[PDB]
Amino acid sequence: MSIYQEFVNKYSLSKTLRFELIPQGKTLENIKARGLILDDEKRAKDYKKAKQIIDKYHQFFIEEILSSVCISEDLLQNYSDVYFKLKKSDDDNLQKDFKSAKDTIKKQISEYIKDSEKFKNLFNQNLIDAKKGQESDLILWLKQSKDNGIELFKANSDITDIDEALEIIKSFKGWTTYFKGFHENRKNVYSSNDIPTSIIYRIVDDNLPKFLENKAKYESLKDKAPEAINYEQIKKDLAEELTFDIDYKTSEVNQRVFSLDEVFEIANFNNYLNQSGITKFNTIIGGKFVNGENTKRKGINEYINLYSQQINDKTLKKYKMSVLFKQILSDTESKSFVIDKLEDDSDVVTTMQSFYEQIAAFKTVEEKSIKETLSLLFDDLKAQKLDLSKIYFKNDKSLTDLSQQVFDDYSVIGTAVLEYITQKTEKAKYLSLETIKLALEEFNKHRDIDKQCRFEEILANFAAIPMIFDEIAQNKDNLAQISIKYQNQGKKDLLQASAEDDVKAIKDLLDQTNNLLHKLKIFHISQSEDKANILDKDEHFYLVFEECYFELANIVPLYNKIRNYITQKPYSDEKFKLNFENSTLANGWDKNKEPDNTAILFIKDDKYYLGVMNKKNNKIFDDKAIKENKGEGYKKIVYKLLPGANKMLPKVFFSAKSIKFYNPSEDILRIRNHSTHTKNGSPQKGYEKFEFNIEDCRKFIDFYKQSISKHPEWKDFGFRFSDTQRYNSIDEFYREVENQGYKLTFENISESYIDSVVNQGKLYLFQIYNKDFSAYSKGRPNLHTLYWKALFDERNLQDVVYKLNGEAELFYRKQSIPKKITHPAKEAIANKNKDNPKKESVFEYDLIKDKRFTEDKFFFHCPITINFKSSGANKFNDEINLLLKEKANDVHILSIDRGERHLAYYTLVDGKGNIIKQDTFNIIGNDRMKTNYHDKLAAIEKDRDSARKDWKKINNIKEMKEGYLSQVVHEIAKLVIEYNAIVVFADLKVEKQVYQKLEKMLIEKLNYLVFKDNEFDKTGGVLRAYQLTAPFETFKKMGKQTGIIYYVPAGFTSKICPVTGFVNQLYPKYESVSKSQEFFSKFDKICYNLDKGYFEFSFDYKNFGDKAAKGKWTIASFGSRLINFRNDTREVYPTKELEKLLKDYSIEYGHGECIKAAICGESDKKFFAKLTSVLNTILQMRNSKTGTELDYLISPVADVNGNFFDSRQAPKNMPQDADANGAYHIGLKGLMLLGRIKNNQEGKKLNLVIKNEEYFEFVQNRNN
RNA sequence: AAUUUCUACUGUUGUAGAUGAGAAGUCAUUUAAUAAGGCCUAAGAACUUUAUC
DNA sequence: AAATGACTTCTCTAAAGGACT
DNA sequence: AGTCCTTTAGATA
Ligand SMILES: [Mg+2]
Ligand SMILES: [Mg+2]
């Protein structure tokens, strides 16, 4: 029996259920005869375009507003000062000092945009369909732009010009409220609320702090690395981006190149508000590419990086600047060169023809082909025809590659010159070939006779380069046949997967050309003007070579152009919205709205149906029709709902049309006008908010109760309210109104009436369907089927848990693959499970791969609310902790880790620290297939990496991860309930993302946890789901606990002895021979014990420089250990590789000698090198092999019985391997939290931060 | 190898588990290309820093 | 530049009211 | 005047 039986019906949540819709009888033929699906297909395209057209207007409006905005230096400085004082301090004085400063700037920007005339009509019917004889704001702006010759839509292929846009806008004339969701998305762009969709948030919450942090990095930088930035280069390189019209500190409106100090003046933040100012600021930081220049113009960050690598000061990396985030809705245009963009397949073959024809037709000034020239030059190079003191290699990575390519090894050349010159320095930018030959021939007498690198292995490498030109000649053979396949204007066929083998041929030609250019690059001498040192060169060689190199170098933009096109994802049809001619289809189920929102639900013989009324026949279910056609057939749902009580009651009782009937007294109007019935509600317009008065609240509730009982319809809800003196705030009354203002009833409608209206196309009827509704389905249904049926179940309607919401949507999805009969009826099919008792299965029917995608389908997305009458758990974590304190002796800890070998690894631990269960999650259960998901995901990740590199389609991995994790979540939920467990995670495409996704899916499942085997009305069943995590808002709001899930710091959890708590904090790495002689006499004793046959190192961690480390330890040379390298991992024994360190230096320890003095009185440099290396082999507790085998954890610190923990030989209540050890210590950190929860005393806060000292103390001292 | 949809199946016109949609915006990352740089916490069958796209 | 993944916002309404036929 | 699309009403850590 669970400690959690009360954590049920705690808070409400929203969900969507999805179903197929199966048209019934003649509804499909009737739908087709009126062309409703094709018209909605077109409307979805038109609606996307209308929204693109409206956004051009928003783009204009945002620029116009931000050009007007000026934030005062005073407000910015006040922001800056408290921003940096909440660094360094967290006094509550400042926290609302900061919120006040922030909010002053937000209100200022808000007033500016509420000032424009364009704002008032941005979100209403005046935008596109103004009355009365007025022009629509959007139509006007479109006409004005057409008069100013502005071409808004040359940038998107869907819209020809302004006149097509105007047609599109006008086609939505009676359809303004269809835009209501989109208008809410656009209101979010301008909100002053603290939401990240707004330009105000983008300016004040994102970009202002980044700018200020950048100002502080600039001032710190000038103090500590003054010559890092070349101020005169940057003024010349980025003068365009340093130009501004207004200096906001001096306020002069002269347009000039600003100084770096001026851009970081706080007033000039007003120049980085809109997108053009953000891009200027970002270019100052990041430089640009300019067409024609080979070198890239540098920005601030590049100077910071280079100076930091030139003087090797790693501390300047903290000064890297942060880019400002883009402005919301803006288009991005770079200030670096923009490559041409190919648009179709024709552009691909035309662009490649043009390049490879030029390369073939080109002649040098000596009238020779590129191939003839290169053969001529390189054959003469090999024949020693050339003066190799006149030929050079660039002394950069191209020479790095040349050694690594020819001698399989870098720096056989690079090292060979650092020697022959020695036989003070600076980088020589180019190196003679004679210097190369003479240097390495002397380098090869130092070198082994076998391992010897000739100079003419280099001259061989180049004699072979003209080889490539008729491999490329043959590659343009076959490509000529591929070229005609694809030269069609506009067709884009080359993005499809059928073209993959042709694309491989296009890429391999491009890659051979590209490889060719990179091999020759080692010869090219640039015209970048530093002429600080130039060379005397064979001038004929460089004449014709450079001409050839320049022609071939056009491969660079060609390669990018083609990649940027071929790697596009093809266009694919997706499902689209169906409207059945109704702009408010299914917006609300209420009986009074059925004529407007033409959707109706029916039940018949345990099946469910959706009916859509034809627009022309929308009275088909009015009261008269229902009485005249009552009969057995279909049970029509009657839905009554009173939503948003806090808005709906005043709306109705104070309306112009009804206020005289409801007759609120002057007292009631006073309370309303000043909102004294609320704590933080809105007064009426013109009135000031006065303070909450509970007596006023209760008079208002009583006015509401009297008005409800007089209301012609709402009284039929049969409200039963608490006594008004029991309410302490008006939300407690609105909740009772909402809880009870929801009723489902049923009318019986004759089957023949439904049939007749379906046959005539007056009703469109669909069965609501998933496979659980099949007459054959005899298994446990899906959770979502259980929720759906619960909506209408009389046990739910007695006391509503599941509630049906308005704003459902209908979709149509076209067939996307051919109907292939993959497994024909009555032919045996092999079973994949090799452990299955049936090696094959046979069916009386066909089996069709992906059958749902082989025909057109209708769908129904239906929103619901779960726990409809439950009260948000604002103190949910506090309630959990109260329970965990009372029941702390039943609680287990389920801690989950990850690592290289495990997507996730768990340990279940009891209150004493015993492991009860421990295993990897790589293989599930109880999974009959025994799939190793660690191998499966790694195989998908590698296939995706190859697809990117081969320009092939990139498959999805997230569905693969979610499907695996859905089984892990299921296992964790059973373990939580079975063992009264809490779940503990370590705080923090690469599957360490799986760990984060596991957390996310587990939190969501524990928001609302139903066990399908439990009974409907009992704990864990459909009406009483467990809620064990807190309602999820965001991750920043989440903190370190959500319900029974806790996050603990990650440090020191894997490499730590599970018995002694020992951790290597020595960090022994070697450098100086006295620091080592200092390091080792820093011990208490080093000794030998032959009772046991191993050495000892007694020491206290405080006598070493790190004072964080506590405790005296004696570590021992006991046991095996392993080590990797690269040709692989070997096995070593430290307690005897020690004797060879004692044989060469004639130490002797044999009879128990305290050996400490001897090692400190040696100074062979590398006697220490072995000694330090064998000491950290002692501290290496985690020990892995390159094999498929697991890795174990061994401890060099003995327990009280003097035994040494080994994971290979460990009791079941202790870690069985090293990965288990990591999860175990996450769990021990959870035991600490459980002890704080248990020992907390009522009133005071729970401290859940665990510092390492507390952890080390806990782990070191719980055994002793 | 069937699905509201996803994963694994054959569990037999389906079995098991999971499944909050639609709309909007933004950020992050990967891969390629390119520039100037480091280097045997990782690596020349290169590894890697900053930056542009 | 192409691509996928992940995060944060809004809605999940009946009825009053206005414009037009 | 009746119709029907668009706007409206504005709690609660
Ligand atoms: Mg089932
Ligand atoms: Mg499948």
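Letters go in sequence order (proteins before strands), and every chain restarts at 1.
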Does a nitrogen or oxygen in the side chain of [X] sit under 4.0 Å from OP1 or OP2 of [N]?
X: A:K561; N: C:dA1; value: no
X: A:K647; N: D:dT12; value: no
X: A:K1069; N: B:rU41; value: yes
X: A:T176; N: D:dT6; value: yes
X: A:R202; N: B:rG25; value: no
X: A:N956; N: C:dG5; value: yes

Span that lies between the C1' atom of B:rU49 and that of B:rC39, in whole angstrom:
10 Å
How far does the P atom of D:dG10 sit from the matching atom of C:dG17, given to the nearest Å?
12 Å
Assign A:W788 to base, sugar-phosphate, or nothing according to its heavy-atom contacts below 4.0 angstrom with the strands shown.
nothing
Minimum heavy-atom separation for A:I328 to A:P196, with atom names?
CD1-O, 4.3 Å
How far apart are the closest heavy atoms of A:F1032 and A:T1034, and which atoms are they?
CZ-C, 3.6 Å
Please indicate yes or no: is the ring centre of [X] less than 5.5 Å from the centre of the six-membered base ring of [N], with the two planes inclined by under 30 degrees?
X: A:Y845; N: B:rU13; answer: yes
X: A:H784; N: B:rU4; answer: no
X: A:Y776; N: B:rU12; answer: no

Salt bridge (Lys or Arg N to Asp or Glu O under 4.0 Å) between A:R186 and A:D55: does it pass, once the steps are laid out?
CA-CA 9 Å; A:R186 293 290 83 116; A:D55 277 356; 2.6 Å; yes
Residues A:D596 and A:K593 bridged, charged N to O under 4.0 Å
yes
Would you say the side chain of A:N782 is close to the major or to the minor groove, with close meaning under 5.0 Å?
major
Anti versus syn assignment for B:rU12, with syn defined as within 90° of 0
syn
Side chains of A:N592 and A:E713 only: does a donor on one sit below 3.5 Å from an acceptor on the other?
yes
